[PDB]
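See below for the structure under consideration.
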Amino acid sequence: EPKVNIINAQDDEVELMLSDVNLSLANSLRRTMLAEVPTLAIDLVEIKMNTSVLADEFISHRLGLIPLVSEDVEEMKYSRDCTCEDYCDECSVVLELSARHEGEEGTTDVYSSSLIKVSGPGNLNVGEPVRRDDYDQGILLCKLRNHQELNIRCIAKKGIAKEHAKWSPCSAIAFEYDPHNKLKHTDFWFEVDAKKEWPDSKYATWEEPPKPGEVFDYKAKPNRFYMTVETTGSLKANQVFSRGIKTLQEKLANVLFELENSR
Amino acid sequence: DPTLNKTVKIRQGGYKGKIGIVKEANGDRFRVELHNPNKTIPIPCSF
Amino acid sequence: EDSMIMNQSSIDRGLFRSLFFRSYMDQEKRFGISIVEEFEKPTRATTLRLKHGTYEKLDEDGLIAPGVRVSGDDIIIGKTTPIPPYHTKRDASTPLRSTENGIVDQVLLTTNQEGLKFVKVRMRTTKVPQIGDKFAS
Amino acid sequence: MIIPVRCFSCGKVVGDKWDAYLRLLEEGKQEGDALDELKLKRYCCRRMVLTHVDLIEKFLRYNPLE
Amino acid sequence: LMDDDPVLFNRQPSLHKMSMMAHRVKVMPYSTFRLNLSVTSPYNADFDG
Amino acid sequence: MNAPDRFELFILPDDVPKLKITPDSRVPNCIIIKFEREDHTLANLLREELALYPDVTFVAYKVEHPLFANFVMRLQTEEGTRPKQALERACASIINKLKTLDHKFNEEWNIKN
Amino acid sequence: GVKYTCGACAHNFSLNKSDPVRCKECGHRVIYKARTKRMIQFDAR
RNA sequence: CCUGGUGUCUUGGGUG
Ligand SMILES: [Zn+2]
Ligand SMILES: [Zn+2]
Ligand SMILES: [Zn+2]
């Protein structure tokens with residue numbers, strides 16, 4: 001019975017209409033995509049040399065925020081659940097960076113494209129810092145002048161956004177419903193005339209205005225939820241919507257398991 | 001005890017892979033002053 | 001009553017985060033013709049009334065090195081003063097403030113106007129906004 | 001100090017758009033239009049680029065201490 | 001110190017007797033003291049520092 | 001210094017059950033379910049679903065304090081049905097609706113590919 | 001013994017505390033300790 | 001093999 005109608009689509013954002021579901025399910029889907037869809041992100045930085053003007057943990061802090069390709073992350077384990085001694089190939093990706101400026105003039109800009117994957121759970125496509133094109137240098141990390149060097153080793157780990165926002169696959173999630181306020185869930189503030197002073201939703205033409213005579217349907221419920229899921233490139237937009245649903249299933253499944261085992 | 005004040009790496013648990021220093025080693029439960037957040041934790045010797 | 005809710009994810013991405021720096025200064029004092037204090041890592045056998053904290057982060061020159069994390073009551077500058085009339089000296093070392101932690105960032109070594117040795121140790125840490133911190137428009 | 005990696009409020013990556021923004025200003029575009037071309041539509045993302053102050057160019061002038 | 005131990009709570013300046021009342025402890029994370037909001041008035045307390 | 005570990009929101013201690021059912025013997029056929037290491041995310045989803053069933057006479061939840069990731073739900077059903085069984089039914093319904101919903105998105109997605 | 005750094009000319013050298021506090025190269029009287037041998041880790045949070 | 005001491009007097013700037 002739930003129906004979906006995709007209004008627009010591209011690699012990093014999907015705009016869609018969701019219908020024939022309960023408000024609570026639309027909201028729980030919104031929350032799950034923001035908070036519980038796993039991704040991969042740097043979580044340990046070993047600084048062997050940093051003679052730049054930026055403080056050590058300042059640079060380390062920027063590193064944690066770099067979005068990494070997380071496509072095959074479902075087959076990867078959490079570090080806290082792995083049976084091994086220290087890290088290994090099954091629970092972490094190791095990245096390395098080394099930059100230096102030779103010459104007495106000019107500035108060497110250190111970009112996220114200099115992050116080199118060194119090991120990783122082959123041959124899974126995980127751990128490369130996301131790029132828009134091939135000639136795109138990416139995210140600015142630091143800047144170097146003559147004789148200043150930066151040589152760091154980064155450990156990337158699987159995590160969820162509940163622990164730290166760097167693991168979130170979404171950015172914003174636009175979300176709205178009932179553009180003409182037929183349900184009367186809001187009571188509009190106005191100075192003179194409520195209709196002229198409030199702007200129209202960008203989905204005003206997707207539903208029909210209330211007729212001037214029409215009585216209030218006290219049985220009507222919210223039923224069409226338009227949302228747009230933008231991502232950072234760490235996951236493709238279609239994967240986020242799919243894995244949001246998948247993750248929410250196992251959580252309910254885990255609850256169902258516990259009831260039939262507690263007797 | 002011969003392991004106080006020597007540098008340590010943690011190989012199991014939620015703090016697996018982190019550097020620390022043995023601050024106090026009374027018995028079985030160690031006190032590692034973790035480097036990474038400003039906190040000193042109680043931890044078992046198997047780890 | 002004039003408190004405020006802050007978005008935890010904004011804090012995670014760096015909102016209102018700040019660096020904090022503290023510098024400690026010390027120098028050798030003169031008490032006589034050849035009676036001067038001395039920077040060193042004090043041995044427990046030869047120096048009385050030692051502090052309760054750890055001395056294991058000092059190098060052989062009596063000074064801690066940049067990059068080492070320190071916690072409260074750790075000694076970062078070892079200095080002794082001799083006892084007038086072996087086992088002749090008394091500790092005059094400087095511990096980190098009990099309520100603080102962070103990383104040693106830089107250590108200045110020089111001499112003062114009177115020619116004795118003179119050190120400064122700057123410590124840096126990062127303060128992350130949390131419940132109780134104060135803000136204003 | 002240097003351009004933030006993420007927008008504080010919504011999380012969209014903005015740390016890869018700083019160089020593109022300075023170049024557009026040389027070509028005479030106005031600030032509002034430059035942000036428009038970069039597709040920074042929500043005003044949370046716009047504040048990040050429009051109001052950042054690049055102090056790292058000043059700190060680099062102090063001749064390295066090694 | 002443990003749950004439901006009584007403690008004496010106090011804000012200066014102690015202008016009258018309800019500047020010092022006994023509360024029951026509840027141990028909690030984070031470093032501020034928590035008060036139910038309806039006791040701010042007798043202490044003439046607020047949360048601006 | 002007193003900030004708790006953020007991973008404590010979802011990682012269950014070994015001596016702590018994920019789920020705890022106790023009776024409310026003050027009224028007939030009423031249980032209190034305490035959910036550990038969970039949020040509004042799970043709770044609101046179950047709550048609305050349950051309320052549309054004809055044999056559920058009372059359902060409610062509260063997150064008692066946001067600094068602790070738990071919530072407690074109260075569920076009373078009429079004499080015929082056993083509350084704990086009814087909860088299982090609500091769970092399976094939603095798993096089915098999301099399975100269907102995932103399928104219909106996949107189909108619509110390839111057409112736009 | 002202990003690595004130092006000249007505040008003017010950046011030459012590196014060691015001193016076994018009893019030596020006078022100056023740079024061998026330029027005579028500068030402000031010097032700095034070099035960083036520890038130990039590895040430093042940060043959680044990138 | 002238990003005990004285990006680090007200053008004062010001011011002044012100035014601040015918080016409610
Ligand atoms: Zn592993
Ligand atoms: Zn924004
Ligand atoms: Zn020199």
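Lettering and numbering for the structure tokens are positional, with chains as A, B, ... in the shown order, residues counted from 1 in each chain, and ligands counted from 1 in the shown order.
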Open item on the list: Which residues are close to residue 26 in chain E, i.e. within 8 Å by only C-alpha atoms (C1' of nucleotides), leaving aside same-chain residues fewer than 6 positions away? Reply as a ChimeraX atom specification.
Closed with: /E:2-4
Just N, CA, C and O atoms for this one: save the residues we selected as a compact mmCIF listing (two decimals), in the first residue's frame.
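Just written: again.txt:
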# COMPACT_ATOMS: atom_id res chain seq x y z
N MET E 2 25.34 9.46 47.20
CA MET E 2 24.45 8.55 46.48
C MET E 2 23.05 9.10 46.53
O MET E 2 22.76 10.05 47.25
N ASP E 3 22.20 8.52 45.66
CA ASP E 3 20.82 8.95 45.47
C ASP E 3 20.06 9.02 46.79
O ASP E 3 20.22 8.17 47.66
N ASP E 4 19.28 10.09 46.93
CA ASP E 4 18.39 10.46 48.03
C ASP E 4 19.10 10.87 49.31
O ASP E 4 18.42 11.04 50.32
At a cut-off of 10 Å around ligand 2, and using only C-alpha atoms (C1' of nucleotides) and all ligand atoms, what residues come up? Please write them as a short mmCIF file (atom, residue, chain, number, x, y, z; two decimals) with N, CA, C and O atoms, in the first residue's frame.
data_model
loop_
_atom_site.label_atom_id
_atom_site.label_comp_id
_atom_site.auth_asym_id
_atom_site.auth_seq_id
_atom_site.Cartn_x
_atom_site.Cartn_y
_atom_site.Cartn_z
N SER A 171 23.16 15.75 4.53
CA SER A 171 23.28 17.09 5.07
C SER A 171 21.93 17.53 5.59
O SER A 171 21.47 17.03 6.62
N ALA A 172 21.27 18.45 4.89
CA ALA A 172 19.91 18.78 5.24
C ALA A 172 18.97 17.69 4.73
O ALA A 172 19.28 16.97 3.79
N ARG D 6 32.70 21.87 6.93
CA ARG D 6 31.26 21.74 6.82
C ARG D 6 30.57 23.01 7.27
O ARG D 6 31.09 23.76 8.09
N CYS D 7 29.39 23.27 6.69
CA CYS D 7 28.44 24.21 7.26
C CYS D 7 28.07 23.75 8.66
O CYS D 7 27.77 22.57 8.85
N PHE D 8 28.18 24.65 9.64
CA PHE D 8 27.85 24.30 11.02
C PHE D 8 26.40 23.83 11.17
O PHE D 8 26.13 22.87 11.90
N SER D 9 25.46 24.50 10.51
CA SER D 9 24.05 24.27 10.80
C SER D 9 23.48 23.05 10.10
O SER D 9 22.75 22.27 10.72
N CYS D 10 23.80 22.83 8.82
CA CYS D 10 23.20 21.73 8.10
C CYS D 10 24.16 20.62 7.69
O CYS D 10 23.69 19.53 7.37
N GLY D 11 25.45 20.87 7.65
CA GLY D 11 26.41 19.84 7.33
C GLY D 11 26.88 19.73 5.89
O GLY D 11 27.73 18.87 5.64
N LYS D 12 26.30 20.48 4.95
CA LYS D 12 26.76 20.42 3.56
C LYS D 12 28.23 20.81 3.48
O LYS D 12 28.65 21.76 4.15
N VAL D 13 29.01 20.07 2.70
CA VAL D 13 30.42 20.38 2.54
C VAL D 13 30.58 21.71 1.82
O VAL D 13 30.06 21.90 0.72
N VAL D 14 31.32 22.63 2.44
CA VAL D 14 31.67 23.90 1.83
C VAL D 14 33.17 24.13 1.80
O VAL D 14 33.60 25.18 1.33
N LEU D 40 24.87 27.19 -3.51
CA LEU D 40 24.66 27.26 -2.07
C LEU D 40 23.34 27.97 -1.84
O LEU D 40 23.28 29.19 -1.73
N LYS D 41 22.26 27.21 -1.77
CA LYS D 41 20.95 27.84 -1.83
C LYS D 41 20.42 28.20 -0.44
O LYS D 41 19.88 29.30 -0.26
N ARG D 42 20.53 27.31 0.54
CA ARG D 42 20.07 27.62 1.88
C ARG D 42 20.99 28.65 2.51
O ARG D 42 22.20 28.62 2.32
N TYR D 43 20.40 29.59 3.25
CA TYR D 43 21.18 30.67 3.83
C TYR D 43 22.10 30.23 4.96
O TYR D 43 22.99 31.00 5.32
N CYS D 44 21.88 29.06 5.57
CA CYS D 44 22.88 28.53 6.49
C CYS D 44 24.21 28.29 5.79
O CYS D 44 25.27 28.56 6.37
N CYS D 45 24.20 27.74 4.58
CA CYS D 45 25.45 27.51 3.87
C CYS D 45 26.06 28.81 3.40
O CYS D 45 27.29 28.94 3.34
N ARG D 46 25.23 29.78 3.01
CA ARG D 46 25.72 31.06 2.51
C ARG D 46 26.51 31.85 3.54
O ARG D 46 27.48 32.51 3.16
N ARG D 47 26.06 31.90 4.80
CA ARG D 47 26.82 32.60 5.84
C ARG D 47 28.26 32.09 5.94
O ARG D 47 29.17 32.88 6.25
N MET D 48 28.47 30.78 5.79
CA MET D 48 29.78 30.16 5.94
C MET D 48 30.79 30.77 4.98
O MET D 48 31.91 31.10 5.37
N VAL D 49 30.41 30.91 3.72
CA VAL D 49 31.37 31.41 2.75
C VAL D 49 31.41 32.93 2.77
O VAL D 49 32.49 33.54 2.72
#
Open item on the list: Would you pick out the contacts of residue 47 in chain C at 12 Å or less, using only C-alpha atoms (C1' of nucleotides), so that residues sharing its chain but fewer than 4 positions from it are not included, and give the list as JSON, numbers by chain?
Closed with: {"C": [40, 41, 42, 43, 51, 78, 79, 80, 81, 82, 83, 86, 87, 88, 89, 90, 91, 92, 93]}
Produce a file of the selected residues containing C-alpha atoms, as a short mmCIF file (atom, residue, chain, number, x, y, z; two decimals), in the first residue's frame.
data_model
loop_
_atom_site.label_atom_id
_atom_site.label_comp_id
_atom_site.auth_asym_id
_atom_site.auth_seq_id
_atom_site.Cartn_x
_atom_site.Cartn_y
_atom_site.Cartn_z
CA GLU C 40 67.80 18.51 36.38
CA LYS C 41 65.63 15.44 36.75
CA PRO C 42 65.88 14.97 40.52
CA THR C 43 66.88 11.53 41.74
CA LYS C 51 56.27 16.03 45.09
CA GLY C 78 62.53 19.91 37.56
CA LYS C 79 64.62 22.14 39.76
CA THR C 80 66.44 21.60 43.05
CA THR C 81 67.86 23.85 45.75
CA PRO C 82 70.69 22.68 48.05
CA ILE C 83 70.14 22.43 51.80
CA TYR C 86 75.56 13.90 51.39
CA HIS C 87 71.82 14.02 50.52
CA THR C 88 71.82 17.77 50.19
CA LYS C 89 69.09 19.11 47.94
CA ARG C 90 65.44 20.10 48.17
CA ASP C 91 62.90 19.97 45.38
CA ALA C 92 61.70 23.26 43.93
CA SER C 93 59.91 21.92 40.89
#
TODO: Throw together the list of residues within 6 Å of ligand 3, counting only C-alpha atoms (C1' of nucleotides) and all ligand atoms, and drop it here as a list in words.
DONE: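 Result of the 6 Å neighbour search around ligand 3: residues 6, 8, 9, 11, 23, 25, 26, 27 and 28 of chain G.
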Could you save those same residues with C-alpha atoms as a CSV table (one decimal), in the first residue's frame?
chain,number,residue,atom,x,y,z
G,6,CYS,CA,68.3,27.9,16.9
G,8,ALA,CA,67.5,32.6,14.2
G,9,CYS,CA,69.2,30.3,11.8
G,11,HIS,CA,70.5,24.9,12.9
G,23,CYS,CA,73.5,28.9,19.1
G,25,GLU,CA,76.2,29.1,14.3
G,26,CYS,CA,75.0,32.7,15.0
G,27,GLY,CA,75.3,33.2,18.7
G,28,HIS,CA,71.5,33.7,19.2
- [ ] Write out as an MDAnalysis selection string every residue belonging to chain H that has an atom at most 9 Å from any atom of chain C, counting only C-alpha atoms (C1' of nucleotides).
- [x] chainID H and resid 4:6
Apply DSSP to the structure's backbone, then extract all residues of range 39-261 of chain A labelled helix (DSSP H, G or I) and return them as a short mmCIF file (atom, residue, chain, number, x, y, z; two decimals) with C-alpha atoms, in the first residue's frame.
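Saved the output as out.cif:
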data_model
loop_
_atom_site.label_atom_id
_atom_site.label_comp_id
_atom_site.auth_asym_id
_atom_site.auth_seq_id
_atom_site.Cartn_x
_atom_site.Cartn_y
_atom_site.Cartn_z
CA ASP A 56 48.04 19.49 15.65
CA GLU A 57 44.49 18.74 16.75
CA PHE A 58 43.15 21.54 14.56
CA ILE A 59 44.47 19.70 11.50
CA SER A 60 43.28 16.38 12.96
CA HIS A 61 39.82 17.88 13.48
CA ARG A 62 39.56 18.83 9.80
CA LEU A 63 40.63 15.32 8.77
CA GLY A 64 37.70 13.76 10.64
CA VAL A 73 30.56 -0.47 4.41
CA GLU A 74 27.77 -3.00 5.21
CA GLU A 75 30.15 -5.96 4.92
CA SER A 79 36.03 -2.11 15.56
CA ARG A 80 34.35 -2.80 18.90
CA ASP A 81 32.96 -6.11 17.56
CA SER A 112 42.22 16.27 0.34
CA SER A 113 43.27 14.73 -3.00
CA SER A 114 46.72 14.04 -1.53
CA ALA A 165 28.24 14.14 13.45
CA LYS A 166 31.17 13.42 11.11
CA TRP A 167 29.63 9.98 10.42
CA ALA A 194 -3.08 35.60 6.42
CA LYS A 195 -3.13 34.43 2.78
CA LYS A 196 -1.35 37.47 1.31
CA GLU A 197 1.31 37.65 4.02
CA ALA A 204 1.69 24.58 -3.85
CA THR A 205 0.88 23.54 -7.43
CA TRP A 206 1.07 19.83 -6.59
CA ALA A 237 21.40 9.24 -2.67
CA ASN A 238 19.63 6.03 -3.68
CA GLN A 239 21.76 4.00 -1.25
CA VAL A 240 20.89 6.29 1.69
CA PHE A 241 17.15 5.90 1.17
CA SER A 242 17.52 2.12 0.75
CA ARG A 243 19.85 1.62 3.72
CA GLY A 244 17.71 3.89 5.90
CA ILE A 245 14.80 1.50 5.38
CA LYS A 246 17.09 -1.53 5.85
CA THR A 247 18.62 -0.23 9.11
CA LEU A 248 15.18 0.59 10.52
CA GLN A 249 14.10 -2.97 9.75
CA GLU A 250 16.85 -4.68 11.78
CA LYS A 251 16.10 -2.41 14.76
CA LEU A 252 12.45 -3.50 14.75
CA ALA A 253 13.57 -7.07 14.08
CA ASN A 254 15.85 -6.94 17.13
CA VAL A 255 12.90 -5.84 19.29
CA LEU A 256 10.80 -8.71 17.88
CA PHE A 257 13.59 -11.19 18.65
CA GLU A 258 13.79 -10.12 22.31
CA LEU A 259 10.10 -10.68 23.01
CA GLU A 260 10.09 -14.25 21.70
CA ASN A 261 13.23 -15.04 23.71
#
Open item on the list: Could you tell me how far CA of residue 74 in chain F sits from CA of residue 58 in chain F, in Å to one decimal place?
Closed with: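 One can read the CA of residue 58 in chain F to CA of residue 74 in chain F distance as 7.6 Å.
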TODO: Show me which residues sit within 8 Å of ligand 1 when counting only C-alpha atoms (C1' of nucleotides) and all ligand atoms, and put them as a PyMOL selection string.
DONE: chain A and resi 77-79+82-92
TODO: Just need the residues of chain C within 12 Å of chain F, counting only C-alpha atoms, so spit them out as a PyMOL selection string.
DONE: chain C and resi 8+12+99-101+127-132
Could you write out that same residue set with N, CA and C atoms as a short mmCIF file (atom, residue, chain, number, x, y, z; two decimals), in the first residue's frame?
data_model
loop_
_atom_site.label_atom_id
_atom_site.label_comp_id
_atom_site.auth_asym_id
_atom_site.auth_seq_id
_atom_site.Cartn_x
_atom_site.Cartn_y
_atom_site.Cartn_z
N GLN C 8 23.91 19.90 19.21
CA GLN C 8 25.11 19.08 19.41
C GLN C 8 25.87 18.78 18.12
N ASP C 12 29.92 19.45 17.15
CA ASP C 12 30.75 18.44 16.50
C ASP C 12 31.46 18.96 15.26
N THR C 99 43.78 21.29 37.93
CA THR C 99 42.53 21.23 37.18
C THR C 99 42.72 21.20 35.67
N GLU C 100 43.94 21.06 35.16
CA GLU C 100 44.17 21.24 33.73
C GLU C 100 44.80 20.01 33.11
N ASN C 101 44.78 19.98 31.77
CA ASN C 101 45.43 18.98 30.94
C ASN C 101 45.64 19.59 29.57
N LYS C 127 39.27 23.65 24.16
CA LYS C 127 38.05 23.70 24.95
C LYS C 127 36.85 23.62 24.02
N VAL C 128 36.02 22.62 24.25
CA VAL C 128 34.86 22.31 23.43
C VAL C 128 33.63 22.73 24.21
N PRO C 129 32.70 23.49 23.61
CA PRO C 129 31.51 23.96 24.33
C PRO C 129 30.73 22.82 24.95
N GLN C 130 30.21 23.05 26.14
CA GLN C 130 29.47 22.01 26.83
C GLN C 130 28.51 22.71 27.75
N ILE C 131 27.58 21.93 28.32
CA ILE C 131 26.63 22.37 29.34
C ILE C 131 27.34 23.23 30.38
N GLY C 132 26.81 24.42 30.63
CA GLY C 132 27.38 25.32 31.59
C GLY C 132 28.22 26.43 31.02
#
Task: Residues within 10 Å of residue 8 in chain A, only C-alpha atoms (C1' of nucleotides), excluding chain neighbours under 3 positions, as a PyMOL selection string - done: (chain A and resi 5+13-17+228) or (chain F and resi 112)
Output the selection as a JSON list (two decimals), in the first residue's frame - N, CA and C atoms for each residue.
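Result file is again-v4.json:
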[["chain", "number", "residue", "atom", "x", "y", "z"],
["A", 5, "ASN", "N", 6.68, 8.42, -5.50],
["A", 5, "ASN", "CA", 6.71, 9.06, -6.81],
["A", 5, "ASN", "C", 7.89, 10.01, -6.75],
["A", 13, "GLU", "N", 21.34, 13.96, -4.73],
["A", 13, "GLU", "CA", 20.09, 14.29, -4.06],
["A", 13, "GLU", "C", 18.90, 13.72, -4.80],
["A", 14, "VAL", "N", 17.96, 13.18, -4.03],
["A", 14, "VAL", "CA", 16.72, 12.63, -4.56],
["A", 14, "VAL", "C", 15.59, 13.41, -3.92],
["A", 15, "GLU", "N", 14.73, 13.96, -4.75],
["A", 15, "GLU", "CA", 13.52, 14.61, -4.29],
["A", 15, "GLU", "C", 12.38, 13.66, -4.58],
["A", 16, "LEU", "N", 11.49, 13.47, -3.61],
["A", 16, "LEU", "CA", 10.51, 12.43, -3.80],
["A", 16, "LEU", "C", 9.27, 12.73, -2.99],
["A", 17, "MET", "N", 8.16, 12.17, -3.44],
["A", 17, "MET", "CA", 6.91, 12.20, -2.70],
["A", 17, "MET", "C", 6.64, 10.83, -2.12],
["A", 228, "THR", "N", 13.31, 15.79, 0.32],
["A", 228, "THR", "CA", 14.50, 15.75, -0.51],
["A", 228, "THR", "C", 15.69, 15.38, 0.35],
["F", 112, "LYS", "N", 14.00, 6.01, -13.50],
["F", 112, "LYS", "CA", 14.60, 7.33, -13.60],
["F", 112, "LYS", "C", 16.11, 7.29, -13.87]]
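For the pair CA of residue 22 in chain A and CA of residue 56 in chain F, the separation is 17.6 Å.
Checking A:223, A:19, A:50, A:181 one by one against chain D, counting only C-alpha atoms, you find the shortest gap at A:50.
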- [ ] Find the residues around residue 69 in chain C up to 7 Å (only C-alpha atoms (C1' of nucleotides) counted), leave out those fewer than 5 positions away in its own chain, and share them as a ChimeraX atom specification.
- [x] /B:35 /C:102-104
Hey, can you spit out that residue selection with C-alpha atoms as a PDB file, in the first residue's frame?
ATOM      1  CA  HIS B  35      46.030  10.447  25.238  1.00  0.00           C
TER       2      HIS B  35
ATOM      3  CA  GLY C 102      46.676  19.343  27.397  1.00  0.00           C
ATOM      4  CA  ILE C 103      49.782  19.043  25.266  1.00  0.00           C
ATOM      5  CA  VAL C 104      53.144  20.741  25.735  1.00  0.00           C
TER       6      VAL C 104
END
Open item on the list: Only residues of chain C matter here; which ones have an atom within 12 Å of chain D, counting only C-alpha atoms? Give them as a PyMOL selection string.
Closed with: chain C and resi 6-19+106
Open item on the list: Which residues are close to range 112-117 of chain C, i.e. within 9 Å by only C-alpha atoms (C1' of nucleotides), leaving aside same-chain residues fewer than 3 positions away? Reply as JSON, numbers by chain.
Closed with: {"C": [26, 27, 28, 29, 30, 36, 38, 39, 109], "G": [21]}
- [ ] Name the residues in contact with range 54-60 of chain D at a cut-off of 10 Å, using only C-alpha atoms (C1' of nucleotides), excluding same-chain residues fewer than 4 positions from it; report them as a list in words.
- [x] residues 52, 53, 54, 107, 142, 143, 144, 145 and 146 of chain A; 1, 2, 3 and 64 of chain D
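Residues of chain B that DSSP, applied to the backbone, places in strand (DSSP E or B): residues 7, 8, 9, 19, 20, 21, 22, 23, 24, 25, 26, 27, 29, 30, 31, 32, 33, 34, 40, 41, 42, 43 and 44 of chain B.
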TODO: Can you work out the spacing between CA of residue 235 in chain A and CA of residue 5 in chain F in Å, to one decimal?
DONE: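 Atom-to-atom, CA of residue 235 in chain A and CA of residue 5 in chain F are spaced 26.8 Å apart.
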